Structure formats: C-alpha cells, structure tokens
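Structure first, commentary second.
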Protein chains: 2
Amino acid sequence: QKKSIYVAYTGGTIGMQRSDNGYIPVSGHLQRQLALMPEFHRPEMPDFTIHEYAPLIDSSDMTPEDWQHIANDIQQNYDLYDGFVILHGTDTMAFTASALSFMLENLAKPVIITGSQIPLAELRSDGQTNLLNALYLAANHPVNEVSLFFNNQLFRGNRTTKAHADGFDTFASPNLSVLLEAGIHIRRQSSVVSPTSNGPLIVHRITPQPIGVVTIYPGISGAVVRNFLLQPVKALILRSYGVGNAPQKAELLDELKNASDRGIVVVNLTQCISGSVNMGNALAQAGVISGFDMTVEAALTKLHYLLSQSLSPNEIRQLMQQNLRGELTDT
Amino acid sequence: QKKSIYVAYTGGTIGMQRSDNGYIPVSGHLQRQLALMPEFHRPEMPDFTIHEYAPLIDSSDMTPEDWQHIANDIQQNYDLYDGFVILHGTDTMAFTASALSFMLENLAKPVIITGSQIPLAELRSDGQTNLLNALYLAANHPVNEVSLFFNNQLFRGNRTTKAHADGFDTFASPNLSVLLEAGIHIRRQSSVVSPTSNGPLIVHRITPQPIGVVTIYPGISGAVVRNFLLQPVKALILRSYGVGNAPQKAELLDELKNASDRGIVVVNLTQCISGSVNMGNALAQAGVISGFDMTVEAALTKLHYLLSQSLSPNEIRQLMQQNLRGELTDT
C-alpha cells in the first residue's frame with residue numbers, strides 16, 4: 001500500500017465490456033471491475049488512483065493533441081504520485097510512448113504505457129495481467145523512462161513497434177534489449193542504461209506537423225517524389241534499402257536536394273526490421289541525414305518534437321542525429 | 001552432372017573481388033573462381049552455365065526494366081535448362097523475386113534467386129555456400145516457383161522481405177513457412193503447396209508505374225495525403241495500424257475517396273511485421289481495398305504487374321485481392 005501510482009485510462013480494449021456486437025466502452029466499468037478483484041488490493045500492491053478520460057480515445061484516431069493531453073496529465077499529477085501507468089489502445093501505443101519520451105524531459109519517475117487484446121473483465125485476459133504487472137513494476141522496480149509493457153516484457157518506449165495484430169497482439173523493440181523481463185521472477189536488464197536527468201521535469205509542447213513517410217522502390221520516379229515534397233511538407237522520412245541505399249538516379253536525387261535546399265528535413269531510415277542506416281554517398285550529397293537505427297515511430301515523433309520548437313532546419317538535422325532519449329545507437 | 005542449371009549473374013557482392021577500397025566488380029571473376037573450386041564440379045552436382053550480365057546491375061539501382069531483362073533471359077533459356085539460379089545483390093533481391101513471381105506465369109521449373117554478404121572467393125564466405133546449395137537444390141529438390149535462398153532456407157519469393165543488413169544480411173518470410181530447410185539434411189516443408197501450372201509458360205511485360213507507398217501516423221493531414229495522390233499517381237499503398245485501421249478523419253477519408261472515384265487504386269497493408277489486414281469501416285466506404293497479409297514487396301510488384309496490363313481500376317482492385325501466385329492468404 002505504501003507506493004502510490006496514477007493510472008490514466010485513455011482508451012483501449014483493456015477497459016471495455018463485451019457485447020453481442022463487439023467490445024464496447026462503458027464509463028466507469030474499469031474502476032467498478034477493479035473494486036471487485038482482490039488481487040489488486042493486496043498489501044504487496046501499490047495504492048492506485050484511476051483517471052478515466054472522457055471521452056475515451058480510440059488509439060487509431062489519436063493525434064498529437066492527444067499526446068499533449070497525456071503529457072499534461074502526467075505533469076499536473078507528477079508530484080502527487082510515485083509513478084504513472086497509461087492505459088492505451090494497442091494500434092498506436094508505440095507512437096504515444098515514443099512521443100512522450102521526447103516530451104517528458106528529465107523524467108525521474110516511471111511512466112509505463114500498456115493495454116491488452118482482451119478486456120480486463122474476461123476470464124484469462126491479458127488485460128488483468130498487464131495492469132497488475134504495470135502497477136507492481138512501477139512501484140517496485142521503477143525504471144525512470146517512458147516504457148511500454150506487453151507480453152511480460154518492459155520495452156523502452158521509443159524503441160518499440162507493433163509487431164503483430166491479427167488474431168493476437170504483440171510488440172517488439174528490434175534494435176534494443178528489453179529493459180526488464182516480468183516473468184515469475186522479475187529481472188532488470190541492467191546493461192540497458194536509462195537517460196540521465198539533468199534537472200527538473202520539463203514538459204515540451206508538440207503540435208501536428210506536415211511530414212511525409214514514404215518507401216523507396218525500384219524505379220520510383222522523380223514526379224512521384226516531387227509530389228511527396230510539395231507544400232506544406234516540412235520533413236520527409238525515407239525508408240530505403242539495406243543500410244540506407246537508394247537508386248543512383250538524378251531524377252530522384254535532384255528532388256531531394258531541392259527540398260533540402262529549401263529547408264525540408266529529409267531523414268533516411270531502413271526498410272529492414274532491424275539494423276542501422278550507415279551512410280560520401282549521393283544521398284548525403286543531396287542533404288539527406290541518417291536516422292541510424294530509429295524506428296519509424298521514434299523518427300516520426302522526434303520530428304514532431306523538433307519541428308514544434310524554434311529550430312532552424314540545420315539545428316533540426318543535427319539534433320535528429322543525436323541520441324536524445326535512448327531512441328538511437330550511434331556506433 | 002546429369003541436370004543442367006542456368007546461372008544468371010546479374011550483379012551483387014557474391015561475384016566481386018576484394019580491394020583496398022571495398023569489394024569491386026571484376027568481369028569474368030566469378031567464372032574464373034568457380035573453375036578452381038572442385039566442389040562445384042563433383043558428380044553429385046549439376047552442370048551449370050554462367051551468364052554474367054554486362055554491365056553488372058547494382059541492386060539498389062534496379063528498375064522494372066531490369067526485372068524484364070531477367071524474365072526475358074529465363075524465357076529465352078527456358079527449354080535449354082532444368083532450372084535457373086539468379087545471382088543478385090541483397091538490397092532489392094526480395095523485390096525482384098516478387099516481381100518475377102507475377103511475370104513468370106505457369107512456371108514449371110525452379111527459379112532460385114540468391115546472393116551473399118561476402119564474395120564467393122573469400123574464405124568462409126556465405127557466397128560459396130549460397131551458390132553451391134542453390135545449384136544443388138534447383139537440380140535435386142526442384143520447387144517450381146520463384147524462390148529466394150538465404151541463410152540455409154528456401155523462401156517463397158513473393159513472401160520475402162529483407163530482415164537485416166547492418167553488419168550482416170538476412171531475409172524472412174513473416175507470413176509463410178519456408179518452402180524448404182537446407183541444413184545437413186534437406187527437408188521440404190510439404191504443407192506449403194506450390195501454385196499449379198495451367199498451361200505453357202507465359203512471360204508478362206511489366207513497365208515502371210507511378211505508385212505511392214506511404215505510412216499513416218497520428219494526425220497525418222489531408223493536405224499531405226492530397227499531395228501523395230496527385231498526378232501522375234495511379235495507385236497508393238497505405239501502411240496502416242494493426243489489422244488495417246486509420247484515423248476516422250473526414251480530411252483523410254475524403255482525399256482517399258476522391259482518388260478512388262477517379263480510378264486510383266488504394267491498397268491497405270499493415271505496418272506490422274507479420275499478420276493480416278482484416279477490414280463496414282470508413283476505409284472500405286472510401287474505396288480502399290485490403291492487401292491482406294502481403295509484404296510491401298509483393299503489393300508493390302503486383303500493382304506494377306496489374307497496372308502494366310489492359311485492366312480497368314475495378315478489374316485491378318479485384319485481382320489485387322486474389323491469391324495469384326501464393327503471395328497472400330485469404331482466410
């Protein structure tokens with residue numbers, strides 16, 4: 001009972017009720033259910049307080065305004081609690097985790113994002129396991145980062161991506177070990193070091209930004225790429241081949257160079273599931289910068305973070321390449 | 001010696017020579033090397049003939065014209081040999097395999113695409129293992145499909161994607177079992193059935209097509225998506241969340257609907273590594289069709305295949321959803 005954890009129920013199946021025509025949201029259901037589940041109220045578990053969002057947020061409909069609402073909620077409650085669990089739908093859980101990691105600078109209490117495939121109230125649901133363990137971990141094994149908890153593993157949030165969804169749900173962090181394994185015996189993986197706090201919590205403002213995220217393929221044309229870079233685009237994430245290669249084709253390279261010449265930030269990520277971009281090539285000559293081993297989620301949210309501040313394109317290009325929150329490995 | 005296999009050396013590290021400033025292409029080197037490697041000439045191995053492309057093709061510079069050149073080469077040599085091994089750089093190997101699967105209709109001899117991280121001539125290279133086993137498999141364990149051979153596994157070509165590249169190379173087929181395991185003991189996985197031949201080999205013509213491949217993310221705007229769909233775009237592949245969800249946002253949906261209303265084919269794939277799109281939703285209402293569990297490679301090359309023929313947008317939308325060559329699972 002000693003530790004006290006804030007639970008923000010933003011949306012997601014985890015808190016829903018079953019019906020003849022699908023799982024459905026029901027106000028107050030999550031709290032009503034938990035009151036009747038004594039395992040949540042054992043002496044070994046922290047006290048917790050639930051704030052249900054109204055309306056609930058469908059994670060596929062999430063916008064950066066919703067990222068900001070969650071960051072604000074953590075910030076106004078920061079001193080009152082020892083840690084924070086955010087319940088969230090699975091579809092964009094990894095985007096929210098990544099965004100929060102950039103927004104919550106100098107975070108010094110644990111923030112765990114989680115959810116489930118099956119509502120808490122069903123028999124055998126992952127909802128019950130995920131909430132129970134996020135609460136227990138936040139209180140007893142705090143990791144002072146934005147992390148994501150799923151299938152018994154605690155991932156660094158800005159290293160996660162959704163790995164599967166059809167018939168069952170699963171997350172992965174392809175380029176970094178988990179922070180912690182939550183089986184029968186909880187095991188922190190201490191070779192993954194958390195970002196250090198250089199002062200008081202600073203909560204940044206993020207707004208929607210016009211970013212293109214596109215995939216290179218054989219014969220992709222200048223005209224097509226030209227359209228990707230039209231106003232109002234401020235930045236473009238390229239997903240290229242292998243260690244960051246693209247066609248040596250003037251048509252393509254001229255469009256990217258003209259874009260960078262007018263202030264557009266162009267970031268190279270790999271199409272590969274894991275591994276790093278390693279870039280002099282013609283792409284560098286065209287102003288394109290390396291996204292290293294970032295996930296699409298981390299790159300996309302990091303661009304939102306940097307474009308939302310008062311930074312020149314050159315300042316942005318430099319910071320995109322620096323490890324700000326543990327989201328990238330640079331040699 | 002009985003079986004006879006054609007080897008098309010299109011490009012790739014596999015046939016290169018090491019130098020002080022990288023691996024480099026050298027005409028005739030692959031043939032010269034193989035002449036000196038008696039394991040390739042044992043009685044248990046097939047005879048083989050090498051056709052080195054001139055110039056070699058850098059796989060990151062590949063275009064659909066190069067897909068066509070390879071398909072043509074197989075077609076002119078089809079009756080002369082019992083099977084075909086295509087040596088290829090790793091960067092876009094999975095695109096070529098997928099494209100060839102659609103182009104080579106009623107294929108009734110094995111076509112194996114392969115390559116390596118290290119040139120054949122080095123000590124301990126995967127180049128030597130990959131060529132040796134592709135030759136042996138094509139002759140002794142023929143699978144009459146376009147397949148891709150790498151890290152001791154034979155994948156269905158149109159189910160493959162490049163899984164890693166930094167520091168080492170690897171391929172995966174996330175939504176289907178391998179066709180065959182090539183360890184010490186070769187094991188065909190007979191629960192994966194090959195497409196049947198409905199007559200003589202038909203080799204289709206493919207030309208470059210203006211296709212957008214883009215990723216959905218929280219708050220993505222109508223203006224940005226509008227630009228993705230401008231002329232000359234004929235088709236768009238969306239990579240959406242989980243089982244195929246996107247923001248319920250009129251701004252986004254109206255742009256997609258207007259595009260479909262003017263003949264643009266819009267295909268939904270998942271951002272997830274594995275699993276299937278399962279779609280009535282507003283995306284369906286907007287004319288978007290399911291790509292099921294297709295890889296980006298299969299969808300992109302299948303669109304090239306269908307756009308390159310005399311088909312209406314409606315005909316294309318129907319065929320994109322049908323399993324033509326083993327590239328998708330529909331329930």
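FYI, nothing fancy with the structure tokens labels: chains A, B, ... in order, residues from 1 per chain, ligands from 1 as they appear.
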
Quiz prompt | Surrounding residues of residue 199 (chain A) excluding itself and chain neighbours under 3 positions, 10 Å, only C-alpha atoms, as a list in words | solution = residues 105, 106, 107, 108, 196 and 202 of chain A

Practice problem: Please report as a list in words which residues of chain A come no farther than 6 Å from chain B, using only C-alpha atoms. | Solution: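 Residues satisfying the distance criterion: residues 60, 61, 62, 63, 91, 162, 163, 164, 165, 166, 213, 214, 215, 218, 219, 227, 228, 241, 242, 243, 246, 247, 248, 272, 273, 274, 275 and 276 of chain A.
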
Quiz item: Looking only at the backbone, which of the residues in region 71-128 of chain A does DSSP tag as alpha helix (DSSP H), as a ChimeraX atom specification?
Solution: /A:71-77,93-103,126-128

Quiz item: CA of residue 3 (chain B) and CA of residue 17 (chain B) are how many Å apart?
Solution: 29.2 Å

Quiz item: Where does DSSP see strand (DSSP E or B) in region 66-250 of chain A, if you list the residues as a PyMOL selection string?
Solution: chain A and resi 83-87+104-105+111-114+146-150+153-156+161-164+170-172+180-182+186-188+202-203+211-215+235-241+245

Quiz item: Which residue gives the smallest distance to residue 43 (chain B) among B:86, B:2, B:124, B:173, with only C-alpha atoms counted?
Solution: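 Among the listed residues, B:2 lies closest to residue 43 (chain B).
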
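CA of residue 184 (chain B) to CA of residue 16 (chain B) spans 27.3 Å [interatomic distance, one decimal].
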
Quiz item: Do you know which residues are at most 8 Å from residue 264 (chain A) counting only C-alpha atoms, after dropping those on the same chain fewer than 2 positions away, and could you put them as a PyMOL selection string?
Solution: chain A and resi 233-236+259-262+266+313

Quiz prompt | Pick from B:294, B:45, B:80, B:97 nearest to residue 176 (chain B), counting only C-alpha atoms | solution =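 So, comparing all the options, the nearest one is B:294.
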
Exercise. Pick out the residues sitting within 6 Å of region 148-160 of chain B, and hand them over as a list in words; count only C-alpha atoms, and ignore anything fewer than 4 positions along from it in its own chain.
Key: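 In the requested format, the answer is residues 94, 97, 98, 112, 113, 114, 172, 173, 178, 179, 180, 181, 182, 298 and 327 of chain B.
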